[PDB]
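Below: one structure, written as structure tokens.
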Amino acid sequence: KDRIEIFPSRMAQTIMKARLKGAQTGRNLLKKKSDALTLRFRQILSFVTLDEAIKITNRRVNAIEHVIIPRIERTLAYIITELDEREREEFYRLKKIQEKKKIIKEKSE
Amino acid sequence: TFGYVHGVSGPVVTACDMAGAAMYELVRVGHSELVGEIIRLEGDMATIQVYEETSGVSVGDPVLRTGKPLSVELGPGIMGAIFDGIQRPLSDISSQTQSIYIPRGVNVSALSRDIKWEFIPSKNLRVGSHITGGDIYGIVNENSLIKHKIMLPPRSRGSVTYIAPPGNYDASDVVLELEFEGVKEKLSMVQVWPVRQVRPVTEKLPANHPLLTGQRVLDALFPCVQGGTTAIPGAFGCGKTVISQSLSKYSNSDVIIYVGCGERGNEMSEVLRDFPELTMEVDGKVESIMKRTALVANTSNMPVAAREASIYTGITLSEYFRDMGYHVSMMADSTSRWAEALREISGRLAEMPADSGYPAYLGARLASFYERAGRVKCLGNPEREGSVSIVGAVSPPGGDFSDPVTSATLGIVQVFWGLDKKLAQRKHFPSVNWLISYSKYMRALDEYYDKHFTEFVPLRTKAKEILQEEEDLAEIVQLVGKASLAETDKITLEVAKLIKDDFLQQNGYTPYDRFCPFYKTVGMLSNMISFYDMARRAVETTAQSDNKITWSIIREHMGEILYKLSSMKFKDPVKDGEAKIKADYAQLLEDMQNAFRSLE
Amino acid sequence: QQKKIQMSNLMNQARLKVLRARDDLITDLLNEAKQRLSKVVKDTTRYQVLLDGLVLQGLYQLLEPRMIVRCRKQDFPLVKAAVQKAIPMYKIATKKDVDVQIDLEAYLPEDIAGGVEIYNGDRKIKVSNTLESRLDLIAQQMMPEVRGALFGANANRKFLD
Amino acid sequence: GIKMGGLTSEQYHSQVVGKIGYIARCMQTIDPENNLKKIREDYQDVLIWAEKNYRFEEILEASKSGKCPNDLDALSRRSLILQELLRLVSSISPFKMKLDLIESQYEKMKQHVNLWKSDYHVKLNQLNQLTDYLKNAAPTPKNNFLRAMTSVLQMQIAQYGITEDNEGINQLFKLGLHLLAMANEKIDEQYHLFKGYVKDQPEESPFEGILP
Amino acid sequence: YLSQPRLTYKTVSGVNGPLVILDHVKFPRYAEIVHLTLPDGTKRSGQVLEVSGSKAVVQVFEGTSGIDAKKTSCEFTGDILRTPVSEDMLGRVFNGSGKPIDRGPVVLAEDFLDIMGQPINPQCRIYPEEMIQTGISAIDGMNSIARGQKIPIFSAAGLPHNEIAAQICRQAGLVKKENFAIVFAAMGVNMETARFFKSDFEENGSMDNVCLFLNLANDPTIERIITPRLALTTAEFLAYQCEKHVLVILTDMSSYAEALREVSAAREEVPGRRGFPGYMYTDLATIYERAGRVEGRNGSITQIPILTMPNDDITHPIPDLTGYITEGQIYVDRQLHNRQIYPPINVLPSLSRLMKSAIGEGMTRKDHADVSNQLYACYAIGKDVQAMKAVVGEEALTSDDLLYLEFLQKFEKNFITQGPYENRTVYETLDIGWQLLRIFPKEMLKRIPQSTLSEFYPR
Amino acid sequence: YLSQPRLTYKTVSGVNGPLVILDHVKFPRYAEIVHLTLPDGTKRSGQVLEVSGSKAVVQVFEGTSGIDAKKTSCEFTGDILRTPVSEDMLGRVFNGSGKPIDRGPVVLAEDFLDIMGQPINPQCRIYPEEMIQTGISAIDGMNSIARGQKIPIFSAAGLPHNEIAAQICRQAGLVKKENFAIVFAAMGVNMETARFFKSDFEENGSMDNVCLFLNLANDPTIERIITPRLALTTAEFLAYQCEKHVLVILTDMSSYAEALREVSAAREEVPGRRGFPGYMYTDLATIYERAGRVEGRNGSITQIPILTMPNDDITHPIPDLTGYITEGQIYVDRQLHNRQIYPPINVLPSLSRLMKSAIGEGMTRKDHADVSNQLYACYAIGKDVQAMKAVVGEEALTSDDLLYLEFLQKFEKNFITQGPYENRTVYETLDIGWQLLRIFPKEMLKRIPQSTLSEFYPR
């Protein structure tokens, strides 16, 4: 729906970044297919089969741009945010550990 | 006034026998007098954050306590000097040592004490008179451009007991003495003000006077006002040099301050090398820009305290002249590098991080930074006024706008001069994005524009509508090729191009286009918009049947008019005076109205 | 092709050969200096002056409530005098009463040119104040001037800052 | 933290004492002979505190207690008007202005809604721009032209004032400022510009009796 | 000089991992160097990291195993780590600690410098001008290195980043339209690569102008931190005091960053972003910015830091914090390597912001800027046409597209592909560029002014 | 009252960030206020947030810059921050600390109330059953406001949320077809925002019923977390002791949250999300829940805690935790603003959690609930149609889809768009609703019973 629903991880970052690059490359390659079909279509204007191919290719390209990538980008941004949140709680615990150690040392003096 | 070093854990030095110390006070640690600040205090011990390297500091070393917190020295000699982020003259350190390095523990006074300044009293004050904070009791003649007005330091007042006679005094002498409740204060020409404290004003006023930069774009469409705050993206290919030079060279401000925060060595060299070579005509004479400029230089390898403090050092210098009644324009070369320095210190202090690793108070620090800008009514009986503008740049890693520093900045600044790199690749300068850029002072300046120019406001409204429509038509043109397209849309497309080509685009390397006076900017736009309206009417009133006017017909019919419109940018203000330029523009208006008339 | 590589190895090793020879010259000079200091300690009054100084510097660096001076057995008569003088001078300079003893049971190896070692009360802190150690300390810290004096200044060095 | 405007409690009342002492000094500077009786009366409530030794501190207490006219905004406007009168008479110091015109110009200022943004203020700012430049100027055609025209400008202001708009004074302002901003290297333009004034001036001897 | 006898302590409060905690130490300094003597006669080095009263805490350079708290003695030098520098050390090979490992003598010093040094006063910094040619066409005719800039090479693990660095050392020099030296420091290098650098530099005759520092992967991790400080300390001496131009190559800064994180842990500091110290930014700037030109002197220092991208992610703090404070990037790819192209440098994502000043009349050749701009556009277009070919086929291409496809194939084969032992000077690189550009008729070379074409295009 | 003399201490133990730690304090009291004087005469105040034995931790409001360790003089008031309150605070302007800044005198108290307040006994709290007519169709129709309801406006930087709040202040009345006392807490804002509201309140001619509290961007960040309580404390006096209907508006609550986060970090408290304290919810409830009617008294407090959403992130802790506490939100966005739609209120993600009881027979009109629910269905579907059409194209839509696209386009310009001074009644708003609903055939209006369609739809 809004996200691919992959649990936040560094593994998820790598997969999502590779998935995003793939989607962007496919968008550009399909756009080039559409442009080639459009030029031939306009030059002719075995005609109706080009009109169907253009509408089908453009619909797929539009979905990548309006559905699939936005969804990948939201997922990636979610992953990054949640990973920084995990870093913080680790920071908190480590800081308190360092302070508790100093407190123990003061007691020993 | 001395304490002792108890121990060193790295850049943090623990002092003992230092009971008499205040938080964020200053210390000079060790025999090299290392600069640092006191942060945590406990008993008679203090925790000192040292800005410079602590290698060699011993247990038992002396620490000299300095009563004032991080402060800027304000007085004659401030102009023309290049300072470190903590107010250390770099041009004196390199010249008094013959070295290429900034000495560790270097201790050079911010303002030299060997200069005999020409000081003239106000000639209105007498012994026994009453003086209050912000009052001016004499002026130092520095150079031909900026008079350095000597103000009574804020939070000081009393009866005048001594006034120095006219003469040559250095910054170590006593110029004025005043007595408050029996306590006599001896004042020199230099005052000290904590850099994190805001200098008081009588009142904070609305900003209504435009900032008259020399560019047609970033003025006509996206106005800035004296005392206002804007942001400028800082990317290699954005062409930020144009704004920096145009703002410092031809602005209607009095004093320019350029603040580096923590840039690449070679980038700081470019700024330090370029600025001294810039000049502007003033009273008919060509003067160096450095006679009315001050610059703070910080590279990425400077002490983090200086890189973080640089931004506040700059604005403190800005307010200092603000209190003189001058209009001051400060540019922060990169506030993102400042935020990086700020995050580094938060990390060094083991503070809990917040959004994207930045301190929880990032927003509070930026908000209080920009709030210090604005037009004010100054302190002191002279009832003078002045302003500080901020044109600080942002350069987030990756160029994204999600970084808390750029997001927070955009929620604070009222004007955004969004620049682009695509425009630079197309050789279109200044590289202004147009669709992203905005200005929120359009209403604030409505009173000025109505009073002095009248037609500017409807022109800029139509101009943005025409440019936006060109963008809106982009999809139609791509899918049509301007065939199944309205003739009225062809007018929009081609006229919008005319605007982009011969108005919003400006060539600063040409002697005639170095500076476009406002009256010329509105002249150029007025004729282009007047043409637009005439072309729309020519088509619309004849588009019914039988005999209609088309864009191709207009181009063929009055091609000389389209040429004259493009030629308007070549009216050199240096040779063709205000009356001549308006006269020629009036002739174009007549030529146009008659050209369309022949079509009906 | 291989001839060029062979020449590279010959030139690089030749550079090391002359550098090693130069380092032997420095080593031989230091060894000669040690022999000349040996000639000095063969004196009596001049050596006693060295001991007076060396003991004072040791005491001032250690700053402990109790100190033990260890020396070569044959030098005890001279060290005894050096400590007797160093004590009232130390007390005046530092305003601290330090009990300074001489070790009569343990002595420095007889092969040391001269000098003393100073230990604190518990023998856990020692001052390396022997004559040979001091010479190495000074010779190394001053070595840049030795290089120039013997072999000439660096003709390509224009700025000393 | 009373923070009355931009000032705290001590700063607010300190600025009030300053403005009162300032007005007293300005009034003696503008009218040392006490000729302008109507103008002095408008300031009597702050001049009554003059000619007394309060060592600053006792007049400051009078402000805190409420005996002085301690409204900061009223003093700001009233002080501005008086010191703008000083600029009017000071910037034309080589000439004397008639007493009736001094009072007339004063009344026109007092009636203005916002004097700071007036054309009166701007015209004085242009005058000071032109007269400050000449304070330390080398001999040269341009500077002799500017000085000759400035003495005429000061002579006329002494007679007409500034609020009483006059095309003659306005045109002289434009010509002086246009020359002032003119390139120093260009000689022919400043030569013809000065000559244009001298021959177009309605009179025959524009500088006769104005300058030595 | 100090001329103060050294104190040796046997008072040890305890030992905890890499740290030895001493007691009763007289007026200890921070960063003071000390020497340990263990009961077995073994000598070890260390440096004081904390001095809390009389409790000095020293980090031992080597391992702390074998150290007791009863007999081990600690001699204090009374000073900090200062490196002996001279001109003669050029042509020598040193380890991270500054000791010779080439069977030569210890350096006979001309001076001693604090390896931390001082920042260069920006008021006297001179904007970069002339070019230092590398001999590698992919980075001379496309993204040249100005004489004073700092441009990093980002590489993934497994790519030949060390072979390129070695090639630069053998081939780099001045344009030559005796005063050029290279200081090369490898941090965390494994034994096999350390041999590679040492043997390759000696055999090809380049050593006379190279000062080589090798810090091996199994060497003390603290020594890895000073290694780049010694390299720059030497570079500053050679460049600014001896009036010559020094190229400094810092290899595997990612291994430095890892060693730095270890030092932070030794200090019990709370880790920052992705585990790295919060001061990593200023630490990298401290090293990187000790370079450039200075007013009044004819010397200069340039840098080519080389960084391995963890997980090949340019976002990682190491390449991100580096690039954020450097001027452009070279950027070594993987696809070019798998295609067996050497050097595997991808010109489309690379950038040298100072190239505008590096090249031009009086520095290289008049047409340098024009050839670079046209080649970049032609390569980018050729890649675009190649992508189209994969969709529409060869028969669907027009003549102009075929010219861009031919350019792409011959550009990579002739211009980018070089070999490790062919030294292409800047003028031959430009001439090779023209050989590729003359594929196109004049009318398609839109980015080269007509004046340039008329002079250079024919023949 | 407190008759015993106050004690003054010079016993400051140490200072750590914003916290000044005192020792040797006699019987420390928790949450008592301390006044302190700096060596230069500066007066500052703070609150004891912790006591232990003879020690006490004072959080200083103005800040700890310049606080000494030997000369600092502190005195303990002996009570909690109780503040003077009086009815005649209306027409006064205060700073964020409760002090006057309008050149008037200090408050001549009728009583002293605890700034912390007290929770209202839920047994005496009376459920809100009165509607406020905001005049904005986007609110009065689809998200009605009750008197005593808590409705913040969720906004984003640059959007006109300050103009909407100002508009509401003037044209907010009753649907009983009344003078609200407004308490406006301007915290974390610039001068222009505070001057905008101050001028608007005078322009509206209502200043005699307006009490302002200013705490600007250049004021201390610690005072920013008591200012809301100062505003609410006055509101409670007026509403529950003087039976005045009060409207309390708190400006960007995000500056409160950030000031709170600063305190949480300073005290090393357990974080929750984005660094905010794990107790942020409880602290927000302390502020927000000071609202609503109380049985047996004719007063009320209505809150509008407007807040800026960080990066338009609707899930950011600030809007998230607020959304859990308040009775819904208005929510504006950039998609409407970028099209010059005012007010830019997006109804889809919005709700009013008292609307179901404040509308209908006896309140507005019996069809109110039915019109609102169907408009929500039609608006949301129209948005779904755009999401589809963006990919499939307009030609891929059928008549069932075009009806929702027509509705969506006419809905935004006829129902939502009004203008800063367009004041519509709730009855006109519903009539407008029907004008949009009649775009659809009866069979598609599936949220409305036939007992309503048969009466209203025919027109």
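How things are named: the first chain in the structure tokens is A, the next is B, and so on; residues count from 1 in each chain; ligands count from 1 in the order shown.
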**Study point:** Proximal residues of chain F relative to chain B (only C-alpha atoms; 8 Å) as an NGL selection string
**Key:** :F and (12-17 or 64-71 or 157-158 or 190-192 or 217-219 or 221 or 258-259 or 261-262 or 265-266 or 268 or 274-275 or 311)
**Study point:** Neighbour list for residue E:422 as number ranges by chain, cut-off 10 Å, only C-alpha atoms, skip fewer than 4 positions in-chain
**Key:** E: 135-136, 167, 171, 418
Using N, CA, C and O atoms, can you export the residues from the last selection as a short mmCIF file (atom, residue, chain, number, x, y, z; two decimals), in the first residue's frame?
data_model
loop_
_atom_site.label_atom_id
_atom_site.label_comp_id
_atom_site.auth_asym_id
_atom_site.auth_seq_id
_atom_site.Cartn_x
_atom_site.Cartn_y
_atom_site.Cartn_z
N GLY E 135 49.47 11.35 -16.21
CA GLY E 135 49.87 10.33 -17.16
C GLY E 135 48.76 9.38 -17.54
O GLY E 135 48.93 8.54 -18.42
N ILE E 136 47.62 9.50 -16.86
CA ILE E 136 46.45 8.66 -17.12
C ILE E 136 45.42 9.51 -17.85
O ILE E 136 44.87 10.46 -17.28
N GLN E 167 50.31 3.44 -10.26
CA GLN E 167 50.57 3.99 -11.59
C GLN E 167 50.75 5.50 -11.53
O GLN E 167 51.61 6.06 -12.23
N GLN E 171 53.96 7.60 -12.92
CA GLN E 171 53.79 8.43 -14.11
C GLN E 171 53.62 9.91 -13.82
O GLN E 171 53.91 10.72 -14.71
N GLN E 418 44.09 2.15 -21.21
CA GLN E 418 45.46 2.62 -21.32
C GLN E 418 46.50 1.56 -21.02
O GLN E 418 47.45 1.41 -21.79
#
**Study point:** Those of stretch 193-222 of chain E in DSSP helix (DSSP H, G or I), formatted as a ChimeraX atom specification
**Key:** /E:193-203,206-209
Which residues of chain B come within 10 Å of chain C, and what is each one's closest atom pair and distance in Å (one decimal), counting only C-alpha atoms, sorted by chain and residue number, as CSV?
residue,atom,partner,partner_atom,distance
B:97,CA,C:161,CA,9.6
B:98,CA,C:161,CA,8.4
B:99,CA,C:161,CA,6.6
B:100,CA,C:161,CA,8.6
B:101,CA,C:161,CA,9.4
Practice item. Give me, as a VMD selection string, the contact residues of chain A against chain E at a cut-off of 9 Å, counting only C-alpha atoms. Key: chain A and resid 14 29 to 30 32 to 33 36 84 87 91 94 to 95 98
Practice item. Name all residues at most 8 Å from stretch 74-80 of chain B (count only C-alpha atoms; drop same-chain ones fewer than 5 positions away) and give them as a list in words. Key: residues 111, 112, 117, 140, 142, 148, 150, 171, 189, 190, 191, 192, 193, 290, 291, 292, 293, 294, 295, 317 and 320 of chain B
Can those selected residues be exported to a file as a PDB file, in the first residue's frame so that it contains C-alpha atoms?
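Output file out30.pdb is given in full below:
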ATOM      1  CA  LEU B 111      41.993  45.928  16.525  1.00  0.00           C
ATOM      2  CA  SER B 112      45.561  47.189  16.357  1.00  0.00           C
ATOM      3  CA  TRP B 117      43.015  57.608  14.361  1.00  0.00           C
ATOM      4  CA  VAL B 140      36.525  58.576  13.557  1.00  0.00           C
ATOM      5  CA  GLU B 142      38.569  55.944   8.596  1.00  0.00           C
ATOM      6  CA  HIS B 148      32.979  55.140  12.061  1.00  0.00           C
ATOM      7  CA  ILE B 150      31.752  56.089  18.283  1.00  0.00           C
ATOM      8  CA  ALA B 171      42.531  52.567  20.464  1.00  0.00           C
ATOM      9  CA  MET B 189      37.276  53.909  21.090  1.00  0.00           C
ATOM     10  CA  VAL B 190      36.750  50.158  21.438  1.00  0.00           C
ATOM     11  CA  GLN B 191      33.799  48.489  23.131  1.00  0.00           C
ATOM     12  CA  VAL B 192      33.338  44.807  23.922  1.00  0.00           C
ATOM     13  CA  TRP B 193      30.061  43.018  23.453  1.00  0.00           C
ATOM     14  CA  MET B 290      37.197  46.582   0.948  1.00  0.00           C
ATOM     15  CA  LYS B 291      36.859  50.146   2.198  1.00  0.00           C
ATOM     16  CA  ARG B 292      33.214  49.483   3.113  1.00  0.00           C
ATOM     17  CA  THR B 293      33.412  45.730   3.687  1.00  0.00           C
ATOM     18  CA  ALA B 294      34.383  43.413   6.531  1.00  0.00           C
ATOM     19  CA  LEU B 295      34.998  39.689   6.111  1.00  0.00           C
ATOM     20  CA  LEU B 317      29.662  43.032  13.641  1.00  0.00           C
ATOM     21  CA  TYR B 320      27.490  47.146  15.521  1.00  0.00           C
TER      22      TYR B 320
END
Check your understanding: Which neighbours of stretch 34-51 of chain D fall inside 8 Å, counting only C-alpha atoms, when residues of the same chain fewer than 5 positions from it are skipped, and could you give them as a PyMOL selection string?
Key -> chain D and resi 20-21+23-24+27-28+59+68-69+99+103+106
Check your understanding: Can you tell me, as a PyMOL selection string, what residues are no more than 9 Å from stretch 60-65 of chain C when counting only C-alpha atoms, ignoring any on the same chain fewer than 4 positions away?
Key -> (chain C and resi 55-56+90+93-94+96-100+118-121+125-127) or (chain E and resi 4-7+26)
Review point. If we count only C-alpha atoms, what is near residue F:174 at a cut-off of 8 Å, once residues fewer than 4 positions away on the same chain are taken out, given as number ranges by chain?
Key: F: 131-133, 178
Saved selection, atoms kept: N, CA and C atoms, as a CSV table (one decimal), in the first residue's frame:
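Written file, part_34.csv:
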chain,number,residue,atom,x,y,z
F,131,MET,N,-22.5,24.6,19.7
F,131,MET,CA,-21.6,24.7,18.5
F,131,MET,C,-21.2,26.2,18.3
F,132,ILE,N,-20.0,26.3,17.9
F,132,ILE,CA,-19.4,27.6,17.5
F,132,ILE,C,-19.5,27.7,16.0
F,133,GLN,N,-20.0,28.8,15.4
F,133,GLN,CA,-20.0,29.0,14.0
F,133,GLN,C,-18.8,29.8,13.5
F,178,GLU,N,-22.8,37.6,22.1
F,178,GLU,CA,-21.8,36.7,22.5
F,178,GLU,C,-20.4,37.3,22.2
Exercise for review: Within 9 Å of chain D, which residues of chain B are there when counting only C-alpha atoms? Please give them as a PyMOL selection string.
Suggested key: chain B and resi 124-125+128-135+144+154-159+179-181+200-204+281-286+379-384+574
Write to file, as a short mmCIF file (atom, residue, chain, number, x, y, z; two decimals), in the first residue's frame, the residues of the selection just made, with C-alpha atoms.
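Okay, part-v9.cif is ready:
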data_model
loop_
_atom_site.label_atom_id
_atom_site.label_comp_id
_atom_site.auth_asym_id
_atom_site.auth_seq_id
_atom_site.Cartn_x
_atom_site.Cartn_y
_atom_site.Cartn_z
CA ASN B 124 27.60 69.19 20.98
CA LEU B 125 28.60 67.54 24.25
CA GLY B 128 28.42 68.05 32.87
CA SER B 129 25.99 67.00 30.12
CA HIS B 130 23.83 63.84 30.26
CA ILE B 131 24.62 60.90 27.93
CA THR B 132 22.86 57.56 27.62
CA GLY B 133 23.56 54.24 25.94
CA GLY B 134 23.76 54.32 22.16
CA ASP B 135 24.58 58.04 22.08
CA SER B 144 36.19 58.18 2.10
CA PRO B 154 24.98 49.73 25.73
CA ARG B 155 24.14 49.36 29.41
CA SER B 156 26.13 52.48 30.27
CA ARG B 157 25.02 56.02 31.10
CA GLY B 158 25.80 59.01 33.26
CA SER B 159 27.21 62.52 33.30
CA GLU B 179 30.19 59.26 36.06
CA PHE B 180 27.15 57.32 37.25
CA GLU B 181 26.34 57.44 40.99
CA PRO B 200 19.34 46.40 22.12
CA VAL B 201 17.40 48.79 19.91
CA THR B 202 14.70 51.34 20.64
CA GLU B 203 12.14 49.47 18.53
CA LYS B 204 11.99 46.86 15.77
CA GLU B 281 31.93 53.92 -8.66
CA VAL B 282 30.83 56.06 -5.72
CA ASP B 283 31.16 59.84 -6.07
CA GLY B 284 32.51 59.45 -9.58
CA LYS B 285 35.66 57.83 -8.21
CA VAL B 286 36.39 54.10 -8.38
CA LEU B 379 19.44 53.67 20.55
CA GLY B 380 20.70 57.07 21.56
CA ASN B 381 19.44 60.59 21.23
CA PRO B 382 20.48 61.00 17.54
CA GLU B 383 17.20 59.26 16.55
CA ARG B 384 18.88 57.44 13.68
CA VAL B 574 26.32 55.27 -17.87
#
Check your understanding: Neighbours of residue B:242 within 10 Å (only C-alpha atoms; same-chain residues fewer than 6 positions away dropped), as a ChimeraX atom specification?
Key -> /B:214-215,429-431,507-508
Practice item. Hey, list the chain C side of the contact with chain E: 6 Å cut-off, only C-alpha atoms, answer as a VMD selection string. Key: chain C and resid 5 8 16 20 124 to 129 141 144 156 to 157 159
Exercise for review: Have a look at atom CA of residue E:130 and atom CA of residue E:210 and let me know their distance in Å, one decimal.
Suggested key: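 Between atom CA of residue E:130 and atom CA of residue E:210 the gap works out to 21.1 Å.
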